[PDB]
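Here's the structure we're looking at; comments come further down.
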Amino acid sequence: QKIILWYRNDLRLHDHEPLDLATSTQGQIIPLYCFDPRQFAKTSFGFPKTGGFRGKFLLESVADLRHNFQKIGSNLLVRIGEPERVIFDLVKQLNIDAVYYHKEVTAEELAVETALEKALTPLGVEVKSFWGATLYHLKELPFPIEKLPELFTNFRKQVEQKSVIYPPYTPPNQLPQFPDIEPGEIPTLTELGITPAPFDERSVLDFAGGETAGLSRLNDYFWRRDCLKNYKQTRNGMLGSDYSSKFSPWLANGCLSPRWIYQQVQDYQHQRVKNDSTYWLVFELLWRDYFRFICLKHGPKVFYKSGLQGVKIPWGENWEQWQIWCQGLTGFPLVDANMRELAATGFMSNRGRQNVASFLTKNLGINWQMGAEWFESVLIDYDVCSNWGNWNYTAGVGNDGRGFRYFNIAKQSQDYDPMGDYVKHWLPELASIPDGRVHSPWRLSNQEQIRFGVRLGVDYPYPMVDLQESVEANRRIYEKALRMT
Ligand SMILES: Cc1cc2nc3c(=O)[nH]c(=O)nc-3n(C[C@H](O)[C@H](O)[C@H](O)COP(=O)(O)OP(=O)(O)OC[C@H]3O[C@@H](n4cnc5c(N)ncnc54)[C@H](O)[C@@H]3O)c2cc1C
Ligand SMILES: Nc1nc(=O)c2c([nH]1)NC[C@@H]1CN(c3ccc(C(=O)N[C@@H](CCC(=O)O)C(=O)O)cc3)CN21
């Protein structure tokens, strides 16, 4: 009769089975979001657990969720504290009969679920969890999770052949009255202890948190601007808002459901064009599904330094070299521009993420966990499974069927930034080097350095490694570690 709808990374009213089931019972529904202080502490290497870019986006997303509940006659209860304690107190305060929530798959989130169930079972309060973050739901997979294929291509073949994607649930348009209790202040970044990040106008979007803004972004990218038809051709871009969907920060905290996006793709294919690009956006959502299922199957191994594959590697952890990567002072413009874009905006293109993660692990040989945690801190779109899964894959410990692979920074620079437009946008100190030559500033003569206004070792660093020598050294280490496994 009285149900708390506990929200975490599912900040929406569309495609929300817990909300759908609760509204069908006609009991009193009490939506709740808890700001969990453990989310605003530190990662193991000491970075803010939630940096300022994602913090601002989260606060905007929680405010929008509250507003959207208010529009249909309810509200969102907001509290600060550990949910296993906050919900226990609220259950006693309001004589709650049931708590509904969405299932997570990684250790920290599972510990909260376990502690909550332990706290509530003495009270006889029903706890009901729902699977809701993926395109294909766990129950539609053609295999148990223990038999999830260890290669993505095999996962994709089997689900596309044998499984069905279902339409999103439609949100309710009316809810019972909110209880006569203090609604709760949504805290500021200051109150959470998070440093606010000034806006950099070069941000690919002025990202705004919330289901409302995420739905509008899809409306812009699919319908108003008709970009989806070109997605496969543009998705390796690094400048501009519309080289890709930019749906990721809304998918990561659940402002958008992948099943809602998929329904819109089906509509676009029916109404405009069906081609390799409309499929490829779904293809990338499938990668998102796969990393989440991989984390479900393998549990905490995705966080172990030896990774999903269990390969013990003598990774380096030199702080000075790591800091140079973090600050984009490596001397390689493609890497440096991407790291500085991340530090200024909280976002990095997929093409950039592949390159900087390869540089850290294949050129510097530095522990991939240090990169994964930096991404966790700074990314506006941090998704634990996609981030930690992708870092395992990049580092060669993901069972990806490829062995030692690496990104040739020189070739990637020519292929994806041939005129230097991207690196000059983020590295103004290099912007007067003639196009293309900008990717190898170490080749400039003393006279050219003066003419183009940039002196190596002063205005822009010399390369911190030789690309070829460093990859060869780390390849040998990887090969030996693989042999010893
Ligand atoms: C080292 C590394 C770390 C990453 N960390 C994250 C992370 O924390 N969160 C995150 O959502 N993605 C992460 N990615 C995946 C990918 O780079 C981002 O999803 C993408 O850059 C977001 O831009 P978009 O929304 O415009 O993507 P698009 O190309 O428009 O759209 C694809 C959508 O599908 C998903 N997606 C696309 N590519 C991938 C991929 N390779 N792996 C998983 N999901 C994908 C995202 O939800 C994305 O919004 C990481 C990739 C690498 C190599
Ligand atoms: N949103 C989110 N959820 C998480 O669960 C999560 C993150 N983010 N970011 C990184 C941390 C780190 N995570 C970890 C890290 C270690 C173990 C673990 O069990 N470690 C082994 C040691 C393994 C080894 O040393 O090789 C242990 O027994 O402590 C579990 C989860 C969980 N992580």
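By order of appearance in the structure tokens: chains A, B, ..., then residues from 1 within every chain, and ligands from 1 in the order shown.
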> Hey, which residues come within 9 Å of ligand 2 if we count only C-alpha atoms and all ligand atoms? Could you give them as number ranges by chain?
Replying inline: A: 39, 43-44, 49, 105-111, 299-307, 310, 312, 369, 372-373, 376, 382-385, 388
Can those selected residues be exported to a file as a compact mmCIF listing (two decimals), in the first residue's frame so that it contains N, CA, C and O atoms?
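The result, written out as part39.txt:
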# COMPACT_ATOMS: atom_id res chain seq x y z
N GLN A 39 29.92 8.18 -2.45
CA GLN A 39 30.11 8.58 -3.84
C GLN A 39 30.91 9.86 -3.98
O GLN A 39 31.29 10.21 -5.10
N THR A 43 38.68 7.93 -4.86
CA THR A 43 39.10 6.66 -5.45
C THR A 43 40.36 6.15 -4.74
O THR A 43 40.97 6.84 -3.92
N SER A 44 40.75 4.91 -5.06
CA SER A 44 41.84 4.31 -4.30
C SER A 44 43.16 5.05 -4.50
O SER A 44 43.96 5.12 -3.56
N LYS A 49 35.93 11.00 -6.00
CA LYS A 49 35.13 9.89 -6.51
C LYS A 49 34.14 10.37 -7.58
O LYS A 49 33.91 9.67 -8.58
N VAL A 105 25.21 -4.23 -10.80
CA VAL A 105 26.00 -5.43 -11.05
C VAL A 105 27.42 -5.36 -10.51
O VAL A 105 28.17 -6.34 -10.64
N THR A 106 27.83 -4.24 -9.92
CA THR A 106 29.21 -4.07 -9.47
C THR A 106 29.28 -3.93 -7.95
O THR A 106 28.32 -3.53 -7.29
N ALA A 107 30.48 -4.21 -7.42
CA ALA A 107 30.68 -4.48 -5.99
C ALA A 107 30.11 -3.39 -5.08
O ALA A 107 29.41 -3.70 -4.12
N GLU A 108 30.45 -2.12 -5.32
CA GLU A 108 30.02 -1.07 -4.39
C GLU A 108 28.50 -0.98 -4.33
O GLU A 108 27.90 -0.91 -3.25
N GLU A 109 27.86 -1.01 -5.50
CA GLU A 109 26.41 -0.93 -5.58
C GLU A 109 25.74 -2.16 -4.97
O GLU A 109 24.69 -2.05 -4.32
N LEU A 110 26.33 -3.34 -5.19
CA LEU A 110 25.79 -4.57 -4.62
C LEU A 110 25.88 -4.56 -3.10
O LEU A 110 25.01 -5.11 -2.42
N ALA A 111 26.95 -3.97 -2.55
CA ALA A 111 27.07 -3.90 -1.10
C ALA A 111 25.95 -3.06 -0.50
O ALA A 111 25.43 -3.39 0.58
N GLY A 299 32.00 -10.40 -11.99
CA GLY A 299 32.05 -9.79 -10.69
C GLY A 299 33.25 -8.89 -10.53
O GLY A 299 33.62 -8.15 -11.45
N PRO A 300 33.91 -8.94 -9.37
CA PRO A 300 34.93 -7.92 -9.06
C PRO A 300 36.21 -8.06 -9.86
O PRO A 300 37.06 -7.16 -9.77
N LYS A 301 36.38 -9.13 -10.64
CA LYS A 301 37.60 -9.32 -11.43
C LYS A 301 37.89 -8.14 -12.34
O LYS A 301 39.06 -7.84 -12.61
N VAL A 302 36.85 -7.44 -12.81
CA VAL A 302 37.04 -6.29 -13.68
C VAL A 302 37.81 -5.18 -12.99
O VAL A 302 38.38 -4.30 -13.65
N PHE A 303 37.84 -5.18 -11.65
CA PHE A 303 38.57 -4.17 -10.90
C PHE A 303 39.95 -4.63 -10.45
O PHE A 303 40.75 -3.79 -10.05
N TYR A 304 40.23 -5.94 -10.52
CA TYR A 304 41.54 -6.44 -10.14
C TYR A 304 42.58 -5.96 -11.14
O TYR A 304 42.31 -5.87 -12.34
N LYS A 305 43.79 -5.67 -10.65
CA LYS A 305 44.85 -5.23 -11.55
C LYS A 305 45.11 -6.26 -12.64
O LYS A 305 45.40 -5.89 -13.79
N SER A 306 44.99 -7.55 -12.31
CA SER A 306 45.16 -8.59 -13.32
C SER A 306 43.95 -8.71 -14.24
O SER A 306 44.02 -9.44 -15.24
N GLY A 307 42.85 -8.01 -13.94
CA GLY A 307 41.74 -7.89 -14.86
C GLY A 307 40.92 -9.15 -15.07
O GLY A 307 41.09 -10.18 -14.41
N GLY A 310 43.02 -12.21 -15.75
CA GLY A 310 43.92 -12.72 -14.73
C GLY A 310 45.37 -12.79 -15.17
O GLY A 310 46.04 -13.79 -14.92
N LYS A 312 48.90 -11.29 -14.58
CA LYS A 312 49.73 -10.48 -13.69
C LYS A 312 50.83 -9.81 -14.50
O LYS A 312 51.68 -10.49 -15.09
N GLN A 369 44.74 0.81 -14.09
CA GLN A 369 43.82 1.25 -13.03
C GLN A 369 43.94 2.73 -12.75
O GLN A 369 42.95 3.37 -12.36
N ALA A 372 41.87 4.31 -15.37
CA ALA A 372 40.46 4.02 -15.15
C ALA A 372 39.89 4.89 -14.04
O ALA A 372 38.76 5.37 -14.15
N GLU A 373 40.67 5.09 -12.96
CA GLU A 373 40.18 5.90 -11.84
C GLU A 373 40.15 7.38 -12.19
O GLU A 373 39.27 8.11 -11.71
N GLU A 376 37.10 7.72 -14.08
CA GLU A 376 35.98 7.66 -13.14
C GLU A 376 35.75 9.01 -12.48
O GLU A 376 34.60 9.45 -12.31
N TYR A 382 30.65 8.91 -16.78
CA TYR A 382 31.16 7.70 -16.14
C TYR A 382 30.07 6.65 -15.98
O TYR A 382 29.04 6.89 -15.34
N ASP A 383 30.34 5.48 -16.54
CA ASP A 383 29.52 4.29 -16.36
C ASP A 383 30.50 3.22 -15.90
O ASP A 383 31.46 2.92 -16.62
N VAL A 384 30.28 2.67 -14.70
CA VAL A 384 31.28 1.78 -14.12
C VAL A 384 31.61 0.62 -15.07
O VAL A 384 32.78 0.29 -15.28
N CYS A 385 30.59 0.01 -15.68
CA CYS A 385 30.85 -1.15 -16.52
C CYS A 385 31.53 -0.76 -17.82
O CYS A 385 32.47 -1.43 -18.26
N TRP A 388 35.28 0.59 -16.81
CA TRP A 388 36.23 -0.42 -16.35
C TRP A 388 36.35 -1.56 -17.35
O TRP A 388 37.45 -2.07 -17.56
>> So that I can see what lies close to range 285-294 of chain A, please list as an NGL selection string the residues with an atom at most 10 Å from it, counting only C-alpha atoms and leaving out residues fewer than 5 positions away in the same chain.
In response: :A and (104-106 or 133-138 or 145-146 or 148-153 or 155-156 or 159-160 or 248 or 251-252 or 258-259 or 261-262 or 279-280 or 299 or 302 or 308 or 383-390 or 398)
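The residue set within 9 Å of residue 227 in chain A, counting only C-alpha atoms and dropping same-chain residues fewer than 6 places from it, reads residues 220, 221, 242, 243, 244 and 245 of chain A.
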>> Env of range 62-77 of chain A: 7 Å cut, atoms = only C-alpha atoms, seq-sep filter 5 positions within chain, self excluded. Answer as a ChimeraX atom specification.
In response: /A:11-12,31-33,173-178,183-184,210-212
Keeping only N, CA, C and O atoms, write the selected residues to a file as an mmCIF file, in the first residue's frame.
data_model
loop_
_atom_site.group_PDB
_atom_site.id
_atom_site.type_symbol
_atom_site.label_atom_id
_atom_site.label_comp_id
_atom_site.auth_asym_id
_atom_site.auth_seq_id
_atom_site.Cartn_x
_atom_site.Cartn_y
_atom_site.Cartn_z
ATOM 1 N N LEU A 11 17.545 7.702 -13.541
ATOM 2 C CA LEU A 11 16.891 8.969 -13.180
ATOM 3 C C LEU A 11 15.920 9.409 -14.279
ATOM 4 O O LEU A 11 16.138 10.388 -15.003
ATOM 5 N N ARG A 12 14.807 8.678 -14.370
ATOM 6 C CA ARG A 12 13.825 8.925 -15.419
ATOM 7 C C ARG A 12 12.461 8.413 -14.983
ATOM 8 O O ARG A 12 12.347 7.571 -14.085
ATOM 9 N N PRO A 31 8.760 8.478 -4.231
ATOM 10 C CA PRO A 31 10.072 8.423 -4.893
ATOM 11 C C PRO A 31 11.145 8.995 -3.986
ATOM 12 O O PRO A 31 10.921 9.995 -3.303
ATOM 13 N N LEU A 32 12.323 8.361 -3.992
ATOM 14 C CA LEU A 32 13.415 8.756 -3.110
ATOM 15 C C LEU A 32 14.735 8.717 -3.863
ATOM 16 O O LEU A 32 15.051 7.704 -4.498
ATOM 17 N N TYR A 33 15.521 9.786 -3.741
ATOM 18 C CA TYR A 33 16.923 9.777 -4.151
ATOM 19 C C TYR A 33 17.787 10.125 -2.946
ATOM 20 O O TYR A 33 17.507 11.101 -2.250
ATOM 21 N N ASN A 173 0.982 9.355 -16.129
ATOM 22 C CA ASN A 173 0.680 10.778 -16.226
ATOM 23 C C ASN A 173 0.014 11.328 -14.976
ATOM 24 O O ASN A 173 -0.340 12.512 -14.950
ATOM 25 N N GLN A 174 -0.140 10.513 -13.939
ATOM 26 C CA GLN A 174 -0.709 10.949 -12.674
ATOM 27 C C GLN A 174 -0.251 9.986 -11.595
ATOM 28 O O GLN A 174 -0.191 8.777 -11.825
ATOM 29 N N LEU A 175 0.077 10.523 -10.432
ATOM 30 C CA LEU A 175 0.502 9.737 -9.287
ATOM 31 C C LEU A 175 -0.266 10.176 -8.052
ATOM 32 O O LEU A 175 -0.799 11.292 -8.006
ATOM 33 N N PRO A 176 -0.351 9.319 -7.037
ATOM 34 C CA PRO A 176 -0.982 9.730 -5.782
ATOM 35 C C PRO A 176 -0.179 10.812 -5.078
ATOM 36 O O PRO A 176 1.013 11.018 -5.333
ATOM 37 N N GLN A 177 -0.863 11.508 -4.172
ATOM 38 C CA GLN A 177 -0.277 12.666 -3.509
ATOM 39 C C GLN A 177 0.952 12.273 -2.697
ATOM 40 O O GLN A 177 0.995 11.207 -2.074
ATOM 41 N N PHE A 178 1.960 13.145 -2.736
ATOM 42 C CA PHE A 178 3.186 12.989 -1.969
ATOM 43 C C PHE A 178 2.893 13.129 -0.474
ATOM 44 O O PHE A 178 2.027 13.910 -0.076
ATOM 45 N N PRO A 183 10.391 17.766 1.894
ATOM 46 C CA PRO A 183 10.820 17.140 0.627
ATOM 47 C C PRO A 183 12.309 16.869 0.566
ATOM 48 O O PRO A 183 12.728 15.867 -0.026
ATOM 49 N N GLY A 184 13.121 17.744 1.148
ATOM 50 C CA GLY A 184 14.560 17.566 1.118
ATOM 51 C C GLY A 184 15.220 18.532 0.156
ATOM 52 O O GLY A 184 14.765 18.695 -0.979
ATOM 53 N N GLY A 210 19.412 15.607 -16.835
ATOM 54 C CA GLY A 210 17.976 15.396 -16.765
ATOM 55 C C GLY A 210 17.370 14.652 -17.933
ATOM 56 O O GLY A 210 17.831 14.771 -19.079
ATOM 57 N N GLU A 211 16.325 13.877 -17.626
ATOM 58 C CA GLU A 211 15.533 13.208 -18.652
ATOM 59 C C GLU A 211 15.024 14.201 -19.689
ATOM 60 O O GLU A 211 15.051 13.926 -20.891
ATOM 61 N N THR A 212 14.546 15.364 -19.240
ATOM 62 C CA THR A 212 14.010 16.344 -20.182
ATOM 63 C C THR A 212 15.064 16.741 -21.209
ATOM 64 O O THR A 212 14.806 16.731 -22.424
#
Once you count only C-alpha atoms, what closest atom pair and distance in Å to one decimal does each residue of range 156-255 of chain A within 12 Å of range 351-364 of chain A have, with rows by chain and rising residue number, as a Markdown table?
| residue | atom | partner | partner_atom | distance |
| --- | --- | --- | --- | --- |
| A:234 | CA | A:351 | CA | 11.0 |
| A:235 | CA | A:351 | CA | 8.3 |
| A:236 | CA | A:351 | CA | 5.5 |
| A:237 | CA | A:351 | CA | 7.4 |
| A:238 | CA | A:351 | CA | 7.4 |
| A:239 | CA | A:352 | CA | 11.0 |
| A:243 | CA | A:351 | CA | 11.2 |
| A:244 | CA | A:351 | CA | 11.1 |
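Using only C-alpha atoms, the smallest distance between any of A:439, A:16, A:157, A:128 and residue 332 in chain A comes from A:439.
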>> Report, in Å with one decimal, the straight-line distance from CA of residue 322 in chain A to CA of residue 443 in chain A.
In response: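 Computing the Euclidean distance for CA of residue 322 in chain A and CA of residue 443 in chain A yields 24.8 Å.
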>> Show me, as a PyMOL selection string, the residues that have an atom within 8 Å of residue 172 in chain A when counting only C-alpha atoms, minus same-chain residues fewer than 4 positions from it.
In response: chain A and resi 13+20+23+72
Just to be explicit: take each residue in the selection above, keep C-alpha atoms, and write the result as a tab-separated table (two decimals), in the first residue's frame.
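Contents of again.tsv, as written:
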chain	number	residue	atom	x	y	z
A	13	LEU	CA	10.09	8.29	-15.61
A	20	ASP	CA	5.26	0.97	-13.74
A	23	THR	CA	1.51	2.68	-10.21
A	72	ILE	CA	2.28	14.43	-12.45
> Which parts of range 49-132 of chain A does DSSP call alpha helix (DSSP H) when run on the backbone here, written out as a ChimeraX atom specification?
Replying inline: /A:52-71,83-94,107-120
How about saving the chosen residues, N, CA and C atoms kept, as a compact mmCIF listing (two decimals), in the first residue's frame?
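Result file follows (part_30.txt):
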# COMPACT_ATOMS: atom_id res chain seq x y z
N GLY A 52 33.71 17.44 -10.69
CA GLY A 52 32.77 18.55 -10.84
C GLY A 52 31.88 18.47 -12.07
N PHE A 53 32.39 17.91 -13.18
CA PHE A 53 31.56 17.83 -14.38
C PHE A 53 30.38 16.89 -14.17
N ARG A 54 30.65 15.69 -13.65
CA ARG A 54 29.56 14.76 -13.41
C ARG A 54 28.72 15.20 -12.23
N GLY A 55 29.34 15.83 -11.23
CA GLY A 55 28.57 16.33 -10.10
C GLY A 55 27.49 17.31 -10.53
N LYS A 56 27.87 18.28 -11.37
CA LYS A 56 26.88 19.25 -11.86
C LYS A 56 25.79 18.55 -12.66
N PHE A 57 26.19 17.63 -13.54
CA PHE A 57 25.21 16.90 -14.35
C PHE A 57 24.26 16.09 -13.47
N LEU A 58 24.80 15.47 -12.41
CA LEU A 58 23.98 14.69 -11.49
C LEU A 58 22.97 15.58 -10.78
N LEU A 59 23.44 16.72 -10.25
CA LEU A 59 22.51 17.61 -9.56
C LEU A 59 21.39 18.06 -10.49
N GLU A 60 21.73 18.37 -11.75
CA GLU A 60 20.71 18.77 -12.71
C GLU A 60 19.75 17.62 -12.99
N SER A 61 20.27 16.39 -13.01
CA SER A 61 19.44 15.23 -13.31
C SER A 61 18.48 14.94 -12.18
N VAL A 62 18.94 15.09 -10.93
CA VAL A 62 18.06 14.88 -9.78
C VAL A 62 16.98 15.96 -9.72
N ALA A 63 17.36 17.22 -9.97
CA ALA A 63 16.36 18.29 -10.03
C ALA A 63 15.31 18.03 -11.10
N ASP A 64 15.73 17.57 -12.29
CA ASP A 64 14.74 17.29 -13.33
C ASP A 64 13.82 16.14 -12.94
N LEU A 65 14.37 15.10 -12.31
CA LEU A 65 13.53 13.99 -11.87
C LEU A 65 12.48 14.47 -10.87
N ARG A 66 12.88 15.30 -9.91
CA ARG A 66 11.92 15.90 -8.98
C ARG A 66 10.84 16.68 -9.74
N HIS A 67 11.26 17.55 -10.66
CA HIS A 67 10.29 18.35 -11.40
C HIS A 67 9.32 17.46 -12.16
N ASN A 68 9.82 16.40 -12.79
CA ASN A 68 8.94 15.56 -13.59
C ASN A 68 7.96 14.79 -12.72
N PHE A 69 8.36 14.39 -11.50
CA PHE A 69 7.38 13.83 -10.57
C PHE A 69 6.37 14.89 -10.14
N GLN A 70 6.84 16.12 -9.91
CA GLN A 70 5.92 17.18 -9.51
C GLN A 70 4.87 17.44 -10.59
N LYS A 71 5.27 17.33 -11.87
CA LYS A 71 4.34 17.59 -12.96
C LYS A 71 3.18 16.61 -12.99
N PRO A 83 22.09 4.91 1.75
CA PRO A 83 20.70 4.46 1.55
C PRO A 83 20.28 3.34 2.49
N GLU A 84 21.18 2.44 2.88
CA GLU A 84 20.77 1.37 3.79
C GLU A 84 20.36 1.92 5.15
N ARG A 85 20.85 3.10 5.53
CA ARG A 85 20.43 3.75 6.77
C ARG A 85 19.24 4.68 6.55
N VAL A 86 19.29 5.50 5.50
CA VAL A 86 18.22 6.45 5.22
C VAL A 86 16.91 5.72 4.98
N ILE A 87 16.95 4.66 4.17
CA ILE A 87 15.71 3.97 3.83
C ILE A 87 15.16 3.23 5.05
N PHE A 88 16.05 2.66 5.87
CA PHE A 88 15.60 2.03 7.11
C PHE A 88 14.83 3.02 7.98
N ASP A 89 15.38 4.22 8.15
CA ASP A 89 14.70 5.23 8.95
C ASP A 89 13.37 5.65 8.32
N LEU A 90 13.35 5.85 7.00
CA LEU A 90 12.12 6.25 6.33
C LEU A 90 11.06 5.16 6.41
N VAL A 91 11.48 3.90 6.33
CA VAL A 91 10.53 2.80 6.41
C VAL A 91 9.82 2.81 7.76
N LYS A 92 10.57 3.08 8.83
CA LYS A 92 9.96 3.20 10.14
C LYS A 92 9.13 4.47 10.26
N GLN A 93 9.64 5.58 9.70
CA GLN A 93 8.95 6.87 9.84
C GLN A 93 7.58 6.84 9.17
N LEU A 94 7.49 6.21 8.01
CA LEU A 94 6.29 6.27 7.18
C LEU A 94 5.52 4.96 7.12
N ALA A 107 30.48 -4.21 -7.42
CA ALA A 107 30.68 -4.48 -5.99
C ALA A 107 30.11 -3.39 -5.08
N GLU A 108 30.45 -2.12 -5.32
CA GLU A 108 30.02 -1.07 -4.39
C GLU A 108 28.50 -0.98 -4.33
N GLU A 109 27.86 -1.01 -5.50
CA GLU A 109 26.41 -0.93 -5.58
C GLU A 109 25.74 -2.16 -4.97
N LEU A 110 26.33 -3.34 -5.19
CA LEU A 110 25.79 -4.57 -4.62
C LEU A 110 25.88 -4.56 -3.10
N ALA A 111 26.95 -3.97 -2.55
CA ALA A 111 27.07 -3.90 -1.10
C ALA A 111 25.95 -3.06 -0.50
N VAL A 112 25.56 -1.98 -1.17
CA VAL A 112 24.43 -1.19 -0.69
C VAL A 112 23.15 -2.01 -0.72
N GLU A 113 22.91 -2.75 -1.82
CA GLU A 113 21.73 -3.60 -1.91
C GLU A 113 21.70 -4.62 -0.78
N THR A 114 22.84 -5.28 -0.56
CA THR A 114 22.92 -6.30 0.49
C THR A 114 22.66 -5.71 1.86
N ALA A 115 23.26 -4.55 2.15
CA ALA A 115 23.06 -3.91 3.45
C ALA A 115 21.61 -3.47 3.63
N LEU A 116 20.97 -3.00 2.55
CA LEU A 116 19.58 -2.59 2.63
C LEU A 116 18.67 -3.78 2.94
N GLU A 117 18.85 -4.88 2.20
CA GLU A 117 18.05 -6.08 2.46
C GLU A 117 18.24 -6.57 3.88
N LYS A 118 19.48 -6.55 4.37
CA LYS A 118 19.73 -6.99 5.74
C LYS A 118 19.03 -6.08 6.74
N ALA A 119 18.97 -4.78 6.46
CA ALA A 119 18.34 -3.84 7.37
C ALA A 119 16.83 -3.97 7.38
N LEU A 120 16.22 -4.29 6.23
CA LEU A 120 14.77 -4.24 6.08
C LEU A 120 14.07 -5.56 6.38
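Comparing the minimum interatomic distances between ligand 1 and each of A:476, A:8, A:217, A:455, counting only C-alpha atoms and all ligand atoms, we find that A:217 sits nearest.
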>> Excluding residue 101 in chain A and its own-chain neighbours fewer than 5 positions away, which residues fall within 7 Å of it when counting only C-alpha atoms? Please give them as a ChimeraX atom specification.
In response: /A:5-7,18,128-130
>> Please report the interatomic distance between CA of residue 41 in chain A and CA of residue 80 in chain A in Å with one decimal.
In response: 13.7 Å
> Nearest to residue 337 in chain A: which of A:223, A:319, A:325, A:47 is it, counting only C-alpha atoms?
Replying inline: A:325
> With only C-alpha atoms and all ligand atoms as the atoms that count, which of A:42, A:225, A:246, A:437 lies nearest to ligand 1?
Replying inline: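 Of all the options, A:246 lies closest to ligand 1.
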>> List the spatial neighbours of residue 313 in chain A as a list in words - criterion: any atom at most 9 Å away, only C-alpha atoms, same-chain residues fewer than 4 positions off excluded.
In response: residues 305, 306, 367, 477, 478, 480, 481 and 482 of chain A
